[PDB]
Amino acid sequence: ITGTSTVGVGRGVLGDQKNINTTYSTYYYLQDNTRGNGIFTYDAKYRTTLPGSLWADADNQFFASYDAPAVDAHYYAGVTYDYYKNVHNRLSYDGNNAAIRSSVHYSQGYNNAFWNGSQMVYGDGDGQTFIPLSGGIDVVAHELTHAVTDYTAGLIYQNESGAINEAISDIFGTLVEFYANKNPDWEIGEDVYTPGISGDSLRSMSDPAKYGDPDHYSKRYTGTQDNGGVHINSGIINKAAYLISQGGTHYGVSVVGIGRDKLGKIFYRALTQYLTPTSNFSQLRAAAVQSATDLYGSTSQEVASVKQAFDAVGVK
Ligand SMILES: CC(C)C[C@H](NC(=O)[C@H](CC(C)C)NP(=O)(O)CNC(=O)OCc1ccccc1)C(=O)O
Ligand SMILES: [Ca+2]
Ligand SMILES: [Ca+2]
Ligand SMILES: [Ca+2]
Ligand SMILES: [Ca+2]
Ligand SMILES: [Zn+2]
């Protein structure tokens with residue numbers, strides 16, 4: 001809407017206070033005019049019609065329990081925008097500052113979040129499996145990264161291309177979590193998953209096998225569940241990414257870590273210059289090797305480490 005830019009304050013899902021960019025016109029709306037063509041957060045009101053209504057608040061204070069998922073969806077969308085702009089010189093998901101839209105309070109007891117082709121969508125969880133999912137910065141960045149992927153490589157959401165699609169979202173979700181530098185790790189969704197259980201997560205990039213997922217190509221899922229295992233086989237690529245950044249010896253293959261910034265550069269370049277809608281794991285290896293070559297030279301440690309990592313997870 002048309003209005004004047006303002007700054008509200010509230011608390012997120014985990015009880016942390018933060019400032020948020022709002023817009024005033026009669027009400028204070030969750031509309032951040034400071035980033036591209038805007039970040040807009042909507043209330044789905046426990047229903048499934050999207051986007052719902054642009055979030056309106058009478059006093060610019062967002063401390064109600066009902067407010068918390070909106071505060072975090074809005075704020076973390078901002079952090080993710082900042083990451084892509086400051087780190088990769090990318091302006092929003094389309095590269096041209098497209099408006100970023102999110103809806104919260106989607107459905108009832110909804111244990112998921114997604115990009116629906118046009119916007120981000122967050123459930124509140126059932127209070128047992130999840131608390132409201134926008135409380136996870138890695139989750140918010142995972143979802144916005146699906147938009148980035150769709151506007152770039154366009155990886156089809158099934159089988160190997162779909163598992164790459166998933167891993168790209170987990171990789172950048174994690175890199176955004178490190179960028180914000182609040183309790184960062186290589187786990188996915190730990191801040192919002194199972195409030196009754198401490199120390200667990202939905203997936204692990206450092207050890208995918210701890211949450212049921214393969215860490216080597218020989219252990220790839222080949223059935224039809226989960227669009228041919230897109231959230232399962234992502235473990236193979238997540239492990240490779242983890243090894244490229246942090247190093248390690250995996251099934252006897254040692255990888256020299258080159259750090260998160262170079263991981264990010266290599267995979268961003270692969271995503272935006274080399275991957276296609278039908279790329280498979282082998283093609284991802286080639287894309288990453290070429291990206292590392294472009295950036296650091298064919299005889300570089302960076303190129304050697306990318307090769308080592310894909311070797312370690314059995315992807316040739
Ligand atoms: C138990 C759940 C959360 C695991 C898993 N979902 C996930 O890992 C993350 C959320 C997570 C980071 C918290 N959600 P996602 O974006 O990968 C769900 N994708 C999904 O919904 O894709 C289908 C779709 C395609 C086109 C339009 C609309 C929908 C899944 O869908 O299986
Ligand atoms: Ca209020
Ligand atoms: Ca964390
Ligand atoms: Ca995490
Ligand atoms: Ca937990
Ligand atoms: Zn996903």
Side-chain angles (χ1 to χ4, degrees), residues 10-18 20 41 43-48 55 62-77 79-80 102-115 120-127 129-146 166-167 169-181 183-215 221 225-227 229-235 238-239 242:
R11 274 186 299 265
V13 175
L14 297 184
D16 53 327
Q17 185 171 304
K18 59 199 81 187
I20 43 178
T41 303
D43 189 3
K45 314 184 173 176
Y46 304 138
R47 297 187 65 97
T48 53
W55 193 287
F62 298 81
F63 295 104
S65 296
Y66 190 83
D67 297 338
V71 169
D72 282 344
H74 201 62
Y75 183 93
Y76 292 143
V79 176
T80 304
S102 309
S103 297
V104 303
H105 296 303
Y106 178 80
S107 198
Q108 296 190 27
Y110 195 81
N111 290 318
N112 218 332
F114 59 102
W115 168 263
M120 296 178 279
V121 183
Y122 302 91
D124 289 327
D126 62 14
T129 300
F130 279 105
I131 61 176
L133 284 82
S134 58
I137 187 172
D138 53 3
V139 176
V140 171
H142 175 112
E143 307 310 332
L144 190 49
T145 299
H146 279 307
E166 270 304 306
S169 276
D170 283 347
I171 291 166
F172 292 105
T174 291
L175 294 176
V176 171
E177 185 172 309
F178 274 94
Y179 176 77
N181 199 30
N183 302 316
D185 47 58
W186 294 86
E187 305 295 287
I188 305 301
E190 70 285 344
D191 287 337
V192 294
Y193 189 61
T194 57
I197 304 168
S198 82
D200 64 344
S201 55
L202 179 65
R203 288 183 287 280
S204 174
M205 301 180 71
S206 56
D207 181 19
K210 79 167 101 152
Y211 301 117
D213 301 322
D215 56 7
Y221 175 71
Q225 298 170 17
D226 184 36
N227 293 297
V230 302
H231 296 94
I232 298 171
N233 293 330
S234 57
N238 285 343
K239 181 74 191 189
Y242 174 78

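Residues: numbered from 1 along the sequence shown.
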Handout entry: Expected output: side-chain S134 to main-chain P69 donor-acceptor under 3.5 Å
Key = yes
Practice task
Would you mind reporting whether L14 and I131 have side-chain heavy atoms less than 4.5 Å apart?
Solution key: yes
Fill in the blank from the handout: With sequence neighbours left out, the residues meeting ring pair (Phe, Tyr, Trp, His ring centres under 6.0 Å) with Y110 are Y106
Handout entry: Side chain to side chain, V71 and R11, heavy atoms closer than 4.5 Å
Key = no
Problem - Within-4.5 Å side-chain heavy-atom neighbours: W186 and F178 - result: yes
Practice task
Find out whether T129 and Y193 are in side-chain contact, i.e. whether some heavy atom of one side chain is under 4.5 Å from a heavy atom of the other.
Solution key: yes
Practice task
Could you grab the distance from atom CG of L175 to atom CG of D170, nearest 0.5 Å is fine?
Solution key: 11.0 Å
Completion exercise
Distance col, row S206:OG vs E187:CD, nearest 0.5 angstrom, shows 4.5 Å
Problem - Which atom of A73 lies closest to which atom of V104, heavy atoms considered - result: CB-CG1, 3.6 Å
Practice task
Assess whether atom NZ of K210 is packed by more than 12 heavy atoms of other residues, nucleotides or ligands within 6.0 Å.
Solution key: yes
Problem - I188 and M205: CA distance, side-chain angles, deciding distance, side-chain contact (heavy atoms from CB on, under 4.5 Å) verdict - result: CA-CA 8 Å; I188 305 301; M205 301 180 71; 4.3 Å; yes
Problem - Euclidean distance, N227 CG relative to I232 CD1, rounded to 0.5 Å - result: 10.0 Å
Practice task
Search all heavy atoms of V192 against all heavy atoms of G135 and return the closest pair with its distance.
Solution key: CG1-C, 3.5 Å
Handout entry: Minimum side-chain heavy-atom gap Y122-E143 below 4.5 Å
Key = yes
Practice task
Might you point out which heavy atoms bring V79 and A180 nearest each other, and give the distance in Å?
Solution key: CG1-CB, 4.1 Å
Handout entry: Minimum heavy-atom distance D215-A209, with the two atoms named
Key = OD2-CB, 4.1 Å
Handout entry: Reported OG-to-CD distance for the pair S198 and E190, which is rounded to 0.5 angstrom
Key = 12.5 Å
Practice task
May I ask you to check whether over 12 heavy atoms, not counting those of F62, lie within 6.0 Å of atom CZ?
Solution key: yes
Exercise for the section: Could you pull out all residues at least two apart from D226 that satisfy side-chain hydrogen bond (donor to acceptor under 3.5 Å, both in side chains)? Expected result: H231
Handout entry: Side-chain donor-acceptor pair present, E166, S234, cut-off under 3.5 Å
Key = no
Exercise for the section: With the side chain counted from C-beta on, respond yes when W115 and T145 share a heavy-atom pair under 4.5 Å apart, and no when they do not. Expected result: no
Exercise for the section: Look at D213 together with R203 and state whether they make a salt bridge at an N to O cut-off of under 4.0 Å. Expected result: no
Problem - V176 and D138, any side-chain heavy atoms less than 4.5 Å apart - result: no
Practice task
Could you grab the distance from atom OH of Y76 to atom CD1 of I137, nearest 0.5 Å is fine?
Solution key: 6.0 Å
Problem - Rounded distance (nearest 0.5 Å) linking atom CG of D72 with atom NZ of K18 - result: 4.0 Å
Problem - Shortest non-hydrogen contact from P214 toward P208 - result: O-CB, 3.6 Å
Exercise for the section: Give the ring-plane orientation class for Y66 versus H105, where under 30° counts as parallel, over 60° as perpendicular and anything between as tilted. Expected result: parallel
Handout entry: Heavy-atom closest pair, residues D16 and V13
Key = OD1-N, 4.5 Å
